[PDB]
Amino acid sequence: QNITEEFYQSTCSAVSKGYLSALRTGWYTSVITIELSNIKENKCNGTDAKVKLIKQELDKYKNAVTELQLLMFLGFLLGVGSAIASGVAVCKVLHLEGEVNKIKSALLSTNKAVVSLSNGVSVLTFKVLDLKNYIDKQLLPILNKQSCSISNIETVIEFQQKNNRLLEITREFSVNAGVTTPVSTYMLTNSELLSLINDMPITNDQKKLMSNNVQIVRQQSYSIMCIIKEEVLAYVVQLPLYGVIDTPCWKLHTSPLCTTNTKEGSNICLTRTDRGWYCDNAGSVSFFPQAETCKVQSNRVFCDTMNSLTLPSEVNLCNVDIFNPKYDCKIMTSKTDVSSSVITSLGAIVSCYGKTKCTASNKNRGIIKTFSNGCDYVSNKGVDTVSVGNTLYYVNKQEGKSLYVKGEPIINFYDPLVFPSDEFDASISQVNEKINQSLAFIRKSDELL
Amino acid sequence: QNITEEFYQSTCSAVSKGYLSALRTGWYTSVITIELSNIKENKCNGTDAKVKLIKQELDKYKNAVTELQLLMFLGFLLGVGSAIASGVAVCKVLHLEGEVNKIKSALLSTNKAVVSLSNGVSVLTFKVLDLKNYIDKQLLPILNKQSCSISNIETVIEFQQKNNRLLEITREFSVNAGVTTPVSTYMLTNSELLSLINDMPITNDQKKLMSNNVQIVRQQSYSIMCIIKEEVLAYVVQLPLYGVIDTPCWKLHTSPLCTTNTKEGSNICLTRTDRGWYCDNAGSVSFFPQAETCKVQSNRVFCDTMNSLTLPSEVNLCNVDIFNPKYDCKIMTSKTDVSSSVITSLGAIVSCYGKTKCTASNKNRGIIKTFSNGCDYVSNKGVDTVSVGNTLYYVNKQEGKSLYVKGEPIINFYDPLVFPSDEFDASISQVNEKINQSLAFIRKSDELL
Amino acid sequence: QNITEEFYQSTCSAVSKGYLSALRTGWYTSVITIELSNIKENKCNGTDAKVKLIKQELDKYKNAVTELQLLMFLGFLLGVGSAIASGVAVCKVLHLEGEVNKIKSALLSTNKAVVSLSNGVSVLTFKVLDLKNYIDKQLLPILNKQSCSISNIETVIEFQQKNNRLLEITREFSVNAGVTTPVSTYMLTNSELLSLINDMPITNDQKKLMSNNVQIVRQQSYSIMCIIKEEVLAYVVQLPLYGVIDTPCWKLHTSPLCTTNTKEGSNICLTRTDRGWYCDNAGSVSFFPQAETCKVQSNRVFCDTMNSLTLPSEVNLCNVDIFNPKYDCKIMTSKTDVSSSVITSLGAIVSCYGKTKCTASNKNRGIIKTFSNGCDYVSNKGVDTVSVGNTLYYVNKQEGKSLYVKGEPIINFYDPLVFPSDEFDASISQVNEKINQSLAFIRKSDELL
Amino acid sequence: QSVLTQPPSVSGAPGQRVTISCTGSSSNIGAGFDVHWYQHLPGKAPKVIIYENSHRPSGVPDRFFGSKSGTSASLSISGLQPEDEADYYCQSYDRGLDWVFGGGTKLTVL
Amino acid sequence: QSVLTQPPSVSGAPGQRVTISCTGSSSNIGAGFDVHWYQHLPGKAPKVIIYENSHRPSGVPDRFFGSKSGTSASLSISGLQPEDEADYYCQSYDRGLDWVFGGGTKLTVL
Amino acid sequence: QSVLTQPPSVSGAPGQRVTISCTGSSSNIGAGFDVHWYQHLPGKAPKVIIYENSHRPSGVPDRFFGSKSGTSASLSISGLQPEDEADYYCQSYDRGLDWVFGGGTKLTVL
Amino acid sequence: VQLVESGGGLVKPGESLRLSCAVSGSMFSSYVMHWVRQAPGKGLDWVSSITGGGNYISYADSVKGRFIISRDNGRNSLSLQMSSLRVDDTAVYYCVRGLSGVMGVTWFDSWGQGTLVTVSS
Amino acid sequence: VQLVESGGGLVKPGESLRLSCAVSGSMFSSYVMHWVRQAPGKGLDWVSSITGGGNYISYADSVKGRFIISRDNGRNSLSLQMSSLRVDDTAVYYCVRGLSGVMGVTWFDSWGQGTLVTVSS
Amino acid sequence: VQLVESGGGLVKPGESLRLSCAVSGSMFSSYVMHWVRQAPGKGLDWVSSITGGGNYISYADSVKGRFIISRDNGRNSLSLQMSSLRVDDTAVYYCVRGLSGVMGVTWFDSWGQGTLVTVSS
């Protein structure tokens with residue numbers, strides 16, 4: 001639609017602007033129940049081929065139920081929490097005696113009933129497979145009438161079709177310990193997920209967003225086992241519960257803005273250690289440094305709020321003035337000057353340094369730019385390939401407008417002989433304070449003689 | 001049972017105590033053989049629908065066989081090792097000529113025989129699918145008697161059920177190159193895994209643990225390819241070999257303990273860079289910094305010994321006195337003062353800093369705590385939600401007792417005008433040595449005039 | 001074959017030499033089309049068992065189609081880029097109107113025809129499932145002749161076999177948002193992948209390489225959704241496009257070379273922060289620090305060049321002389337002196353430090369080495385197990401020749417009382433410059449009195 | 001006409017506790033949703049007394065205490081004071097008419 | 001005999017633009033492959049004038065401009081100069097005979 | 001009665017090599033398990049001479065050398081010395097009676 | 001944080017008009033805005049909503065499609081086109097600026113002054 | 001690292017008693033502990049085991065269920081409840097503290113002094 | 001970067017020979033090399049290729065198996081055994097040191113001097 005961007009040459013940082021987003025400020029727990037069956041015996045003294053088939057499938061179902069019975073740069077400066085605490089909480093409140101008998105009694109007639117539980121929390125509990133109503137009188141009476149013989153042949157294929165969901169549940173849970181992510185489609189069919197999402201206490205705008213975009217919600221939930229006993233096997237699919245809706249969430253990329261000097265490897269260099277997403281929520285911004293945890297599906301953004309920091313809104317003025325005395329922008333210091341390119345949401349930032357060949361090649365014309373030393377930016381319109389050094393990046397071909405804020409690099413604003421280059425993480429105020437302290441040292445050492 | 005914890009306000013560190021564990025001190029190789037079949041030709045000049053079905057299934061099996069033929073913060077300060085060396089070792093010792101016929105001769109009568117091999121290493125070798133004994137005379141004599149016609153229809157479905165395992169072997173191995181984790185249930189059926197666990201040279205206590213907890217063993221193994229030719233198709237499922245058993249493995253979490261000052265951003269900060277697991281074994285402790293590699297299933301703590309450091313027992317006295325001159329505790333220095341919370345095994349550690357609103361909300365009462373500035377701890381009993389700024393964490397609802405060790409933060413033991421805030425990783429002795437050096441610096445600059 | 005290795009005791013670094021490789025210098029987009037079918041109605045007022053089976057199967061197919069419609073240490077110092085820009089580019093160039101009608105018109109007769117498209121990019125577009133030609137007259141005329149009754153019973157099993165591919169496509173794509181990796185075998189059958197690799201514009205040597213090693217090509221591609229409508233459901237599998245061929249990619253492992261002093265924890269210690277892969281391409285070397293992104297299948301080294309730096313050839317002279325004034329070798333400084341072992345491609349590098357017992361044990365003899373203090377190397381031939389402290393590494397059993405060059409550790413070349421140990425990343429020239437600056441300070445402070 | 005129902009004939013003297021109760025259907029309130037209470041003293045525009053049934057904003061005294069249970073929400077005033085004569089409200093989130101509003105209870109001193 | 005076909009009877013006076021055109025089969029060039037053009041002045045060894053149909057090496061004047069389209073590749077020389085009399089070539093990557101060479105065009109001044 | 005079998009009638013003069021051999025069933029020893037040998041001079045407590053069939057603890061001389069093969073374990077003493085007269089043991093890990101113990105061999109000088 | 005709006009007066013039924021809101025917040029980009037109405041006699045009701053960028057426009061059930069609500073993020077303003085005007089439309093309208101909930105719901109924080117729109121006669 | 005225990009003497013058959021072990025180790029939290037016995041005449045045998053926390057009790061096949069093994073981790077002690085007694089149990093009992101194996105097995109490291117328990121007559 | 005080779009002369013048909021190339025590059029480990037031939041009259045043709053360690057040896061369709069190409073990486077050299085000979089091989093042979101492509105293809109960069117080999121009579 002209107003995904004714009006700006007490139008600031010002050011720190012050679014890109015900010016892609018207009019990314020109406022959706023945080024993950026809550027969880028929601030829903031107790032899926034699979035109605036299971038208990039079989040006393042499947043003796044079948046007589047033998048046939050189709051009876052052998054149904055016996056093998058019943059034995060696979062029994063092994064599955066037995067296995068289920070046995071199945072009861074700014075990354076350091078973050079907050080870490082377990083993401084499955086809500087599912088464990090409702091599992092612990094399920095594990096108290098008499099709850100799941102209430103669950104069965106409340107789920108006898110309706111197919112999407114709501115139970116109250118002891119804790120006072122309302123959890124949506126609903127069958128999805130009803131194998132108990134199938135095995136009740138479709139297979140057991142037939143197995144025990146014609147001396148263990150099936151008159152038809154399609155019944156075993158129907159049993160395979162019905163048992164595929166439970167067997168895939170067994171496999172997918174046993175592979176992934178007890179907690180699997182993402183939730184698969186045979187864990188929760190997409191029509192059932194749409195009906196469940198429609199029926200849970202959320203904004204109707206969130207219903208529209210979460211029904212248009214069930215892909216990422218399927219990719220963000222967590223399903224955890226719970227009680228298996230009393231033929232009522234149940235697991236909790238803790239679903240995301242989205243908070244703010246369509247808030248502008250600008251994306252910040254960075255590249256090492258080194259110096260233009262060529263003599264040996266005596267270079268001074270700042271890399272703005274602030275890459276990631278900036279969403280706006282409440283009176284603050286949420287900062288997501290983990291670019292691998294935030295999905296960028298369509299022009300919307302689904303982020304994990306638990307893996308975020310909070311910042312005041314003055315970090316927006318971090319984008320314009322890097323020396324602004326309202327918010328302390330974070331930069332890192334380095335002496336190495338390798339060539340590096342980061343492909344922004346529409347164009348590409350390059351930084352070619354020392355003696356390296358970089359070009360911006362289009363597949364229908366050839367090389368068009370041939371970047372010199374220093375940070376530079378190439379728009380989406382005109383190129384589709386950015387080669388730096390001995391490697392080749394493909395720049396995103398997503399339509400939108402780009403702006404180029406002209407200026408000089410901040411590297412020229414520093415003194416090479418006094419600059420400190422050992423800070424893996426720092427700030428503008430801290431670096432300037434150390435510069436002032438070292439300059440005061442220089443003046444006091446000069447005045448000491 | 002008795003998963004207690006303590007909170008030390010000296011470094012605002014949580015230590016959850018009582019986590020009887022099980023390490024992974026060894027590997028154990030076991031050679032699964034799938035008895036394959038060789039078919040000269042499946043011509044079938046006549047054409048029927050069921051014969052077309054069995055022809056397509058045999059073609060898929062042949063493509064699978066051809067596929068298998070073609071298928072032949074303290075994280076930096078660690079030790080990196082390849083985790084599949086034992087399976088590659090037994091694969092290399094299999095690949096020499098003559099061992100395949102020895103395996104086939106030793107597995108002719110018994111189902112779960114033991115093969116001595118050439119290297120002197122004993123490997124458990126056992127069939128799990130026996131497709132050769134099925135294809136031998138169930139399908140080939142039928143295919144070449146009635147002018148390529150099948151009298152029944154259930155045979156192709158039986159072939160589907162028998163070939164599903166081999167086709168899933170094909171898919172799961174081809175997706176994951178040659179080395180895949182976790183081992184799936186169709187890769188090794190759980191009854192066969194229990195029988196293999198029972199039959200391998202391990203403690204009977206470890207048999208009880210690894211039969212009660214087959215999920216983590218399944219989630220921790222590594223299956224690698226072996227020879228395919230001579231219709232013998234084999235792969236080694238390298239299984240974990242647990243060492244110490246039920247050892248108290250206390251878990252340490254830390255949160256950034258900054259200063260209480262509010263002026264601008266001039267804050268000093270110690271963040272204890274020691275989070276992870278501490279398992280007791282031999283006369284030492286194993287330190288697991290990677291919290292993503294240690295599983296927490298039930299109250300037992302399975303871990304990866306290969307991804308651990310060793311420390312003397314004096315690190316336990318690191319928990320009480322941070323200035324104890326017996327073990328050098330590791331802390332990190334920082335000037336950033338963002339609000340951060342880490343939810344411990346029962347409660348939650350919060351540090352709300354600058355100007356942020358945090359609360360400990362219970363879903364039945366509301367906000368109850370409203371943390372002030374400084375590190376603070378909120379117990380499990382009473383709350384079920386911790387909000388820090390605009391992010392929401394769910395605190396674990398696992399029952400147990402909590403202790404609150406009262407004290408003053410170590411920030412007040414440091415002088416802000418001289419404190420160093422560069423060290424990404426350091427120690428108490430190193431930081432105090434630098435403090436002493438800079439104090440002598442100040443005194444010699446005073447006496448120089 | 002001839003995988004040699006060298007151990008340098010100067011920095012106790014292992015360099016495994018001879019690893020004829022293959023980079024990933026390009027991408028290539030290929031348009032898989034599944035010919036879908038549109039069904040107006042499947043009323044079936046009459047009911048039977050097999051008709052119920054085929055109705056449930058058609059309902060599952062319709063739900064899958066609807067879901068598809070809704071489905072429309074040197075790691076910081078790198079270059080980060082999106083890996084799926086080519087597939088998004090061809091998806092965007094497909095999304096303009098009239099392209100997929102051209103795809104259908106050019107794909108009516110030939111099964112692997114090529115279209116030119118509007119952008120001027122040639123894309124290999126082809127069918128793999130042709131379900132439209134199956135549903136055309138095999139199921140719809142039969143459903144509407146005998147009052148919705150199927151005379152046969154194997155047709156539903158044939159429909160299961162044909163619909164398994166599309167249902168697995170639906171599951172695998174809905175699990176992984178819209179972009180999945182690796183490409184599965186039911187996503188692209190391996191006969192089709194071999195024929196597609198054979199037909200795509202690449203070197204014949206690269207054809208031989210990616211036909212012998214389709215495992216890693218399968219494990220490095222990216223499949224992305226495309227247009228779904230007009231019953232012509234398409235998705236782009238973006239395949240790796242390998243550049244240089246059999247170029248030597250020597251692997252550099254490092255271990256912490258700390259000091260031999262035992263007094264307390266006052267140790268001066270150097271860890272070469274340079275571990276990873278080194279490939280030669282053009283007149284430069286490509287450096288892969290991420291050892292988790294480069295596959296080491298057979299003795300060939302497939303890699304991801306998008307996660308690599310460029311370096312001049314003088315980094316090879318970094319291997320011999322660490323103080324060589326042609327390339328600035330990268331080292332890191334540390335005071336912690338934990339015992340650590342890494343295992344190189346054949347042998348093992350150990351450093352047993354403080355009071356820590358390590359041994360190199362062979363399973364047929366027992367302990368043979370019992371390493372002392374300092375870095376040491378143990379060859380493959382003689383051992384198969386390396387224990388350091390209480391952790392047990394298995395050493396790779398890959399055959400080859402080892403060289404052990406002799407020398408003294410570089411820590412003995414440094415001054416204990418003046419060394420700077422706060423550099424997470426630095427260089428030999430930077431560390432020596434800081435040493436010279438601090439020594440000049442020492443001499444000027446001595447001369448000031 | 002609105003789905004929210006409370007009797008708008010509640011009065012009380014200053015000094016004791018006055019309880020305002022409003023009940024909703026199954027679609028609103030009881031389906032995991034929230035209820036918030038405001039005031040409508042004439043003149044100044046309505047402001048929020050209590051949101052999420054337990055929380056309070058910055059300037060709100062200890063007189064007001066809200067609660068919800070099942071499909072019924074209540075708000076208690078402990079020690080009423082003379083200038084509290086206003087229109088107290090309930091808001092729910094019925095899945096039809098989205099942000100429904102109650103009929104309003106006119107609380108006046110005697 | 002070679003799969004690459006260009007007429008070796010093209011010549012022109014210095015001053016104007018001369019275009020060399022060469023076409024291949026379906027297996028080479030048009031199947032996503034590249035075409036490169038060299039020069040063969042007698043004496044010194046042949047050197048590359050244009051590779052990947054657009055790029056240029058270090059020392060090459062602005063006279064030579066190459067292009068490819070479909071199956072046919074062209075190379076235009078603008079403002080011919082007398083010592084350009086040589087053999088101009090095409091190279092493709094036919095999947096049979098691997099690195100095939102064209103018959104060559106003898107460009108001479110008049 | 002124990003599953004471990006060794007003849008408890010082995011003796012030899014000081015000076016030469018004497019080998020103690022003990023064999024077990026298929027469930028113990030040969031099923032990938034280990035055999036350890038302890039020594040039982042009257043008076044002080046028994047102590048391990050050899051564990052994992054090859055290793056040794058801190059204070060153990062070079063007289064003792066152990067080995068295992070198949071289902072049989074051996075321990076050789078080279079050049080006997082007079083105060084070695086004791087009860088030498090084998091232990092194993094039979095899957096029934098868990099930590100089974102041998103009958104013990106009384107080694108004495110002559 | 002206080003909301004001020006204008007545009008009230010007497011309007012004949014049937015014709016359309018524009019009613020504007022001039023919110024003067026500092027972080028008016030994430031806060032979810034709504035409009036409510038009230039009349040003498042009957043109780044206060046709900047009119048309209050708007051969330052963030054403007055891609056999740058939601059309406060009441062008493063009015064649907066008649067009222068058009070939009071907002072300019074750069075100008076910090078809101079507006080409604082009032083296409084149809086029935087007798088029930090005479091009301092005092094309130095802008096309202098609410099925050100997202102612990103789950104997603106809004107509790108109608110600090111209200112605007114309120115503009116009276118009369119449609120009778 | 002030396003183990004010292006007491007509790008021996010003469011006990012009539014049939015009645016229970018307690019046999020206590022007073023290990024003075026520094027890391028008696030991870031080491032796998034056992035009790036062995038030896039009678040004059042017949043060879044030395046095995047009695048009981050215990051691993052760390054105390055959730056993996058394992059017993060011999062000669063005596064199962066009759067003997068109860070427990071340990072106090074805080075007090076650094078072991079204990080056996082000697083429920084029921086036969087003629088064969090007169091023996092010298094040894095506490096034995098052993099370390100975990102390279103796989104899992106224990107080789108019965110440094111032994112205790114040995115306490116005599118006589119049950120005859 | 002210039003390539004120099006020798007080994008030409010008159011050779012009777014049928015017998016084998018060795019023609020050697022003496023490349024003198026500084027990064028002669030990664031560059032893909034080829035050998036081409038040219039007779040008077042007919043245009044250029046392709047003879048041979050070599051890439052990397054030498055495990056992807058490729059040949060022309062005009063001559064297959066008769067010519068054996070190898071290279072010594074340490075000695076910085078190339079060699080061709082010219083097993084069997086016909087009339088067509090009298091040509092000037094050029095060593096070719098081409099770089100890897102943007103995809104994989106080679107454009108035959110800087111050429112050798114060219115050695116003339118005659119086979120007639």
# chains A, B, ... in the order shown; residues from 1 in each chain; ligands from 1

$ residues_around --residues "residue A:52" --least-positions-apart "5" --cutoff "12 Å" --atoms "only C-alpha atoms" --output "tab-separated table (two decimals) with N, CA and C atoms, in the first residue's frame"
chain	number	residue	atom	x	y	z
A	42	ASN	N	-10.04	-57.50	22.20
A	42	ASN	CA	-10.16	-57.62	20.75
A	42	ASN	C	-9.62	-58.97	20.31
A	43	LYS	N	-10.15	-60.04	20.92
A	43	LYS	CA	-9.58	-61.38	20.83
A	43	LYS	C	-9.49	-61.88	19.38
A	44	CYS	N	-10.64	-62.08	18.73
A	44	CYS	CA	-10.74	-62.45	17.31
A	44	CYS	C	-9.97	-63.75	17.01
A	45	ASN	N	-10.49	-64.84	17.58
A	45	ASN	CA	-9.86	-66.15	17.40
A	45	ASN	C	-9.85	-66.57	15.94
A	46	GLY	N	-10.93	-66.30	15.21
A	46	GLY	CA	-10.91	-66.47	13.77
A	46	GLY	C	-10.06	-65.40	13.10
A	47	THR	N	-9.55	-65.74	11.92
A	47	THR	CA	-8.65	-64.85	11.19
A	47	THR	C	-9.09	-64.70	9.74
A	57	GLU	N	-4.90	-52.00	12.79
A	57	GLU	CA	-5.22	-50.60	13.06
A	57	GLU	C	-5.65	-50.38	14.50
A	58	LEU	N	-6.40	-51.32	15.08
A	58	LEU	CA	-6.77	-51.20	16.49
A	58	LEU	C	-5.55	-51.33	17.39
A	59	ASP	N	-4.59	-52.18	17.02
A	59	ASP	CA	-3.36	-52.30	17.79
A	59	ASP	C	-2.51	-51.04	17.69
A	143	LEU	N	-17.43	-56.54	15.25
A	143	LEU	CA	-16.32	-57.46	15.53
A	143	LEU	C	-16.78	-58.68	16.31
A	148	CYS	N	-15.88	-62.68	14.39
A	148	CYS	CA	-14.79	-61.76	14.04
A	148	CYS	C	-14.56	-61.73	12.52
A	149	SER	N	-15.57	-61.25	11.80
A	149	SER	CA	-15.48	-61.05	10.36
A	149	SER	C	-16.21	-59.78	9.98
A	150	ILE	N	-15.63	-59.02	9.05
A	150	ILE	CA	-16.22	-57.79	8.55
A	150	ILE	C	-16.82	-58.07	7.18
A	153	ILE	N	-15.58	-53.79	3.32
A	153	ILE	CA	-14.14	-53.58	3.24
A	153	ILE	C	-13.82	-52.11	3.45
A	156	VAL	N	-12.62	-50.43	7.26
A	156	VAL	CA	-11.25	-50.28	7.74
A	156	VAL	C	-10.62	-49.01	7.16
B	154	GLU	N	-7.65	-56.18	-0.25
B	154	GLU	CA	-7.05	-55.79	1.02
B	154	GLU	C	-5.53	-55.87	1.01
B	155	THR	N	-4.94	-56.56	0.03
B	155	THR	CA	-3.49	-56.71	-0.01
B	155	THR	C	-2.79	-55.39	-0.26
B	157	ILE	N	-3.89	-52.41	0.63
B	157	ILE	CA	-3.96	-51.62	1.86
B	157	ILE	C	-2.98	-52.15	2.91
B	158	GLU	N	-2.82	-53.48	2.97
B	158	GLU	CA	-1.80	-54.04	3.86
B	158	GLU	C	-0.40	-53.59	3.44
B	161	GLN	N	0.08	-50.09	4.71
B	161	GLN	CA	0.42	-50.06	6.13
B	161	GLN	C	1.85	-50.49	6.38

$ closest_atom_pairs --of "chain A" --to "chain D" --cutoff "12 Å" --atoms "only C-alpha atoms" --output "tab-separated table"
residue	atom	partner	partner_atom	distance
A:28	CA	D:32	CA	10.6
A:29	CA	D:32	CA	11.7
A:113	CA	D:31	CA	10.9
A:114	CA	D:31	CA	8.3
A:115	CA	D:31	CA	10.4
A:116	CA	D:70	CA	9.0
A:120	CA	D:69	CA	9.1
A:121	CA	D:32	CA	8.3
A:122	CA	D:32	CA	6.3
A:123	CA	D:32	CA	8.6
A:124	CA	D:31	CA	9.6
A:198	CA	D:95	CA	9.6
A:199	CA	D:31	CA	8.6
A:200	CA	D:32	CA	7.5
A:201	CA	D:32	CA	5.4
A:202	CA	D:33	CA	7.9
A:203	CA	D:93	CA	8.2
A:204	CA	D:95	CA	7.5
A:205	CA	D:98	CA	10.3
A:207	CA	D:95	CA	10.6

$ write_last_selection --atoms "N, CA, C and O atoms" --output "compact mmCIF listing (two decimals), in the first residue's frame"
# COMPACT_ATOMS: atom_id res chain seq x y z
N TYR A 28 -4.18 -17.04 25.48
CA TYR A 28 -5.52 -17.55 25.72
C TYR A 28 -5.48 -19.07 25.64
O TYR A 28 -4.93 -19.61 24.68
N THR A 29 -6.06 -19.74 26.62
CA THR A 29 -5.99 -21.19 26.71
C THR A 29 -7.32 -21.81 26.33
O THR A 29 -8.38 -21.38 26.80
N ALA A 113 -19.17 -26.12 24.07
CA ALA A 113 -19.58 -25.63 25.37
C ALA A 113 -18.44 -24.89 26.07
O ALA A 113 -17.26 -25.06 25.74
N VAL A 114 -18.81 -24.06 27.04
CA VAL A 114 -17.86 -23.32 27.86
C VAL A 114 -18.04 -23.76 29.30
O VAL A 114 -19.16 -23.78 29.81
N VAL A 115 -16.93 -24.12 29.96
CA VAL A 115 -16.94 -24.57 31.34
C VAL A 115 -16.35 -23.49 32.23
O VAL A 115 -15.70 -22.55 31.74
N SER A 116 -16.59 -23.61 33.54
CA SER A 116 -16.22 -22.55 34.47
C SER A 116 -14.98 -22.90 35.29
O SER A 116 -14.22 -21.99 35.65
N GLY A 120 -12.05 -20.22 38.45
CA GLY A 120 -12.77 -19.06 37.99
C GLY A 120 -12.39 -18.60 36.60
O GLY A 120 -12.92 -17.58 36.14
N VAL A 121 -11.50 -19.31 35.92
CA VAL A 121 -11.10 -18.98 34.56
C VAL A 121 -12.00 -19.72 33.59
O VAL A 121 -12.33 -20.90 33.78
N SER A 122 -12.47 -19.01 32.56
CA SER A 122 -13.33 -19.60 31.54
C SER A 122 -12.46 -20.11 30.40
O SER A 122 -11.70 -19.35 29.80
N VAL A 123 -12.58 -21.40 30.10
CA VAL A 123 -11.81 -22.05 29.05
C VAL A 123 -12.77 -22.70 28.07
O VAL A 123 -13.72 -23.37 28.48
N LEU A 124 -12.53 -22.48 26.78
CA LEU A 124 -13.36 -23.08 25.74
C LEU A 124 -12.94 -24.53 25.55
O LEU A 124 -11.78 -24.81 25.23
N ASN A 198 -13.29 -17.19 16.43
CA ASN A 198 -14.51 -16.39 16.41
C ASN A 198 -15.23 -16.40 17.76
O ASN A 198 -15.97 -15.46 18.07
N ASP A 199 -15.02 -17.43 18.57
CA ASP A 199 -15.80 -17.64 19.79
C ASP A 199 -15.06 -17.28 21.07
O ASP A 199 -15.55 -17.58 22.16
N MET A 200 -13.89 -16.66 20.98
CA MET A 200 -13.11 -16.34 22.16
C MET A 200 -13.11 -14.83 22.43
O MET A 200 -13.27 -14.03 21.50
N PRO A 201 -12.98 -14.40 23.73
CA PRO A 201 -13.28 -13.00 24.09
C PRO A 201 -12.26 -11.97 23.65
O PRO A 201 -11.38 -11.57 24.42
N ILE A 202 -12.38 -11.53 22.40
CA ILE A 202 -11.43 -10.67 21.70
C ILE A 202 -12.21 -9.61 20.93
O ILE A 202 -13.42 -9.69 20.76
N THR A 203 -11.48 -8.58 20.48
CA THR A 203 -12.07 -7.54 19.65
C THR A 203 -12.52 -8.10 18.31
O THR A 203 -11.90 -9.01 17.76
N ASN A 204 -13.61 -7.55 17.77
CA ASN A 204 -14.08 -7.99 16.46
C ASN A 204 -13.10 -7.61 15.36
O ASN A 204 -12.96 -8.32 14.36
N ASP A 205 -12.41 -6.47 15.53
CA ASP A 205 -11.32 -6.12 14.63
C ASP A 205 -10.21 -7.16 14.71
O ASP A 205 -9.62 -7.54 13.69
N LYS A 207 -10.78 -10.24 15.47
CA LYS A 207 -11.34 -11.40 14.77
C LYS A 207 -11.09 -11.30 13.27
O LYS A 207 -10.71 -12.29 12.64

$ residues_around --residues "residue D:106" --least-positions-apart "6" --cutoff "8 Å" --atoms "only C-alpha atoms" --output "compact mmCIF listing (two decimals) with N, CA and C atoms, in the first residue's frame"
# COMPACT_ATOMS: atom_id res chain seq x y z
N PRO D 8 -33.10 1.52 36.60
CA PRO D 8 -32.70 2.92 36.79
C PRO D 8 -33.55 3.66 37.83
N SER D 9 -33.74 3.04 38.99
CA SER D 9 -34.52 3.63 40.07
C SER D 9 -33.84 3.39 41.41
N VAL D 10 -32.52 3.55 41.45
CA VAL D 10 -31.74 3.30 42.65
C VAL D 10 -31.39 4.63 43.31
N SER D 11 -31.70 4.76 44.59
CA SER D 11 -31.43 5.97 45.34
C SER D 11 -30.89 5.59 46.71
N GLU D 85 -24.17 12.42 42.93
CA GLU D 85 -25.41 12.29 42.16
C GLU D 85 -25.11 12.39 40.67
N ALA D 86 -25.22 11.28 39.96
CA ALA D 86 -24.82 11.21 38.56
C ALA D 86 -25.54 10.05 37.90
N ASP D 87 -25.07 9.67 36.71
CA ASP D 87 -25.57 8.51 35.99
C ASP D 87 -24.43 7.51 35.87
N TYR D 88 -24.55 6.40 36.59
CA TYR D 88 -23.53 5.35 36.58
C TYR D 88 -23.87 4.34 35.49
